[PDB]
Every structure is written in structure tokens, then in C-alpha cells.
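Participant: Take this structure, written in C-alpha cells, and hold onto it; I'll ask about it next.
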Amino acid sequence: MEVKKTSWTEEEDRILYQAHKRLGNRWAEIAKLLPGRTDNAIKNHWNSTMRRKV
């Protein structure tokens with residue numbers, strides 16, 4: 001394994017947002033929709049990418 005550049009994608013980002021607001025912040029139940037996305041990466045993503053200052 002040597003992916004390294006494990007960048008996200010439109011679908012994942014959208015699903016993450018649509019899920020997060022519905023579940024609230026139950027990352028365990030949100031990742032149920034995205035098993036290929038671990039909590040660490042999800043939150044890291046939710047903290048780094050989504051916080052682009054809307």
C-alpha cells in the first residue's frame with residue numbers, strides 16, 4: 001500500500017455534511033454511511049476542509 005494522497009471527493013464531502021447536521025455529531029453513526037472514512041480523518045477533514053470560512 002502506497003496511496004499517500006488519500007484525497008477526499010465531492011460525494012464524500014456532500015454526504016459528510018448532509019449526515020453531520022442530521023445526526024448532530026455522532027461521527028460513529030455518520031461513518032456508518034461512510035465506512036471507508038475513519039473518525040480521525042472525518043473530523044480532521046471537518047476541521048481542515050469545511051472550515052474554509054463560509
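Residue numbering restarts at 1 in every chain; chains get A, B, ... in the order shown in the C-alpha cells, and ligands count up from 1 in that same order.
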Report as a ChimeraX atom specification all protein, DNA and RNA residues lying within 10 Å of residue 28 (chain A), evaluated on only C-alpha atoms, omitting residues in the same chain fewer than 6 positions from it.
Facilitator: /A:34-35,38-39
Participant: How would the residues just picked look written out with C-alpha atoms as a PDB file, in the first residue's frame?
Facilitator:
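Final file, result04.pdb:
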```pdb
ATOM      1  CA  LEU A  34     -19.006   6.096   5.007  1.00  0.00           C
ATOM      2  CA  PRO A  35     -17.198   3.035   6.472  1.00  0.00           C
ATOM      3  CA  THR A  38     -12.487   6.774   9.811  1.00  0.00           C
ATOM      4  CA  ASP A  39     -13.500   9.244  12.569  1.00  0.00           C
TER       5      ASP A  39
END
```
Participant: For residue 15 (chain A), work out the shell of residues within 12 Å, counting only C-alpha atoms and skipping chain neighbours fewer than 6 positions away, then give it as a PyMOL selection string.
Facilitator: chain A and resi 8-9+21-23+30-34+37+42+46
Participant: Name the residues of chain A that fall into helix (DSSP H, G or I) according to DSSP on the backbone, using the chain letters and numbers of this document, as a PyMOL selection string.
Facilitator: chain A and resi 10-23+27-30+39-48
Participant: For the residues in the current selection, export N, CA, C and O atoms as a short mmCIF file (atom, residue, chain, number, x, y, z; two decimals), in the first residue's frame.
Facilitator:
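Okay, this is what ended up in result.cif:
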```cif
data_model
loop_
_atom_site.label_atom_id
_atom_site.label_comp_id
_atom_site.auth_asym_id
_atom_site.auth_seq_id
_atom_site.Cartn_x
_atom_site.Cartn_y
_atom_site.Cartn_z
N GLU A 10 -16.07 14.99 -3.96
CA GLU A 10 -17.35 15.68 -3.88
C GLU A 10 -18.39 14.86 -3.12
O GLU A 10 -18.95 15.33 -2.13
N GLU A 11 -18.66 13.63 -3.59
CA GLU A 11 -19.65 12.76 -2.98
C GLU A 11 -19.43 12.65 -1.47
O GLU A 11 -20.35 12.91 -0.69
N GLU A 12 -18.22 12.25 -1.05
CA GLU A 12 -17.91 12.08 0.37
C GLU A 12 -18.19 13.38 1.14
O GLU A 12 -18.87 13.35 2.15
N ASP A 13 -17.64 14.50 0.66
CA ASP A 13 -17.82 15.80 1.31
C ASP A 13 -19.30 16.10 1.52
O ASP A 13 -19.73 16.41 2.64
N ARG A 14 -20.09 16.01 0.44
CA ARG A 14 -21.52 16.29 0.50
C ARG A 14 -22.20 15.39 1.52
O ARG A 14 -22.90 15.88 2.41
N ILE A 15 -22.01 14.07 1.40
CA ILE A 15 -22.62 13.11 2.32
C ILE A 15 -22.24 13.45 3.76
O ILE A 15 -23.10 13.42 4.64
N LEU A 16 -20.97 13.77 4.00
CA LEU A 16 -20.49 14.09 5.33
C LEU A 16 -21.28 15.25 5.93
O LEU A 16 -21.70 15.18 7.07
N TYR A 17 -21.48 16.31 5.14
CA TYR A 17 -22.19 17.49 5.62
C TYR A 17 -23.67 17.17 5.85
O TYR A 17 -24.21 17.49 6.91
N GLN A 18 -24.32 16.55 4.87
CA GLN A 18 -25.73 16.20 4.96
C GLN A 18 -25.97 15.28 6.16
O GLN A 18 -27.02 15.37 6.81
N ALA A 19 -25.01 14.40 6.45
CA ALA A 19 -25.12 13.47 7.56
C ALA A 19 -24.88 14.17 8.88
O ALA A 19 -25.67 14.05 9.81
N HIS A 20 -23.76 14.90 8.97
CA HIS A 20 -23.35 15.56 10.20
C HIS A 20 -24.47 16.37 10.82
O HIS A 20 -24.74 16.24 12.01
N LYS A 21 -25.13 17.23 10.04
CA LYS A 21 -26.16 18.10 10.58
C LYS A 21 -27.39 17.30 11.02
O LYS A 21 -28.09 17.71 11.94
N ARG A 22 -27.66 16.16 10.37
CA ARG A 22 -28.81 15.34 10.71
C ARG A 22 -28.55 14.55 11.99
O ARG A 22 -29.37 14.57 12.91
N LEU A 23 -27.40 13.87 12.06
CA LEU A 23 -27.03 13.07 13.22
C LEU A 23 -26.58 13.99 14.36
O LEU A 23 -26.65 13.60 15.53
N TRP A 27 -20.33 10.93 15.03
CA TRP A 27 -19.42 10.51 13.98
C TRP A 27 -19.45 8.99 13.77
O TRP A 27 -19.21 8.52 12.67
N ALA A 28 -19.76 8.23 14.83
CA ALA A 28 -19.85 6.79 14.72
C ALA A 28 -21.01 6.40 13.79
O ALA A 28 -20.86 5.50 12.96
N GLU A 29 -22.15 7.08 13.93
CA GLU A 29 -23.33 6.80 13.12
C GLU A 29 -23.23 7.49 11.76
O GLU A 29 -23.90 7.08 10.81
N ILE A 30 -22.40 8.53 11.65
CA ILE A 30 -22.19 9.21 10.38
C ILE A 30 -21.27 8.35 9.51
O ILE A 30 -21.51 8.20 8.32
N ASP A 39 -13.16 8.05 11.80
CA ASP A 39 -13.50 9.24 12.57
C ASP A 39 -12.36 10.27 12.53
O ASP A 39 -12.62 11.46 12.31
N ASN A 40 -11.12 9.83 12.73
CA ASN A 40 -9.97 10.72 12.74
C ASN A 40 -9.92 11.56 11.47
O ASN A 40 -9.84 12.79 11.54
N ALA A 41 -9.98 10.90 10.31
CA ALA A 41 -9.93 11.59 9.02
C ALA A 41 -11.17 12.44 8.82
O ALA A 41 -11.08 13.53 8.27
N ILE A 42 -12.33 11.95 9.26
CA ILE A 42 -13.59 12.67 9.11
C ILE A 42 -13.53 14.00 9.84
O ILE A 42 -13.86 15.03 9.28
N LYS A 43 -13.11 13.97 11.10
CA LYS A 43 -13.02 15.16 11.91
C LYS A 43 -11.90 16.04 11.42
O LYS A 43 -12.05 17.26 11.37
N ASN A 44 -10.77 15.43 11.04
CA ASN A 44 -9.66 16.20 10.54
C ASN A 44 -10.13 16.96 9.30
O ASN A 44 -9.81 18.13 9.12
N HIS A 45 -10.91 16.27 8.46
CA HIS A 45 -11.49 16.84 7.26
C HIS A 45 -12.51 17.92 7.63
O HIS A 45 -12.52 19.00 7.05
N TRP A 46 -13.37 17.62 8.62
CA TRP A 46 -14.41 18.52 9.06
C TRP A 46 -13.80 19.78 9.70
O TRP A 46 -14.45 20.83 9.72
N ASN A 47 -12.57 19.67 10.21
CA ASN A 47 -11.88 20.77 10.85
C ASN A 47 -11.03 21.56 9.84
O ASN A 47 -10.92 22.78 9.95
N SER A 48 -10.41 20.86 8.88
CA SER A 48 -9.50 21.50 7.93
C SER A 48 -10.20 21.99 6.67
O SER A 48 -10.03 23.14 6.27
#
```
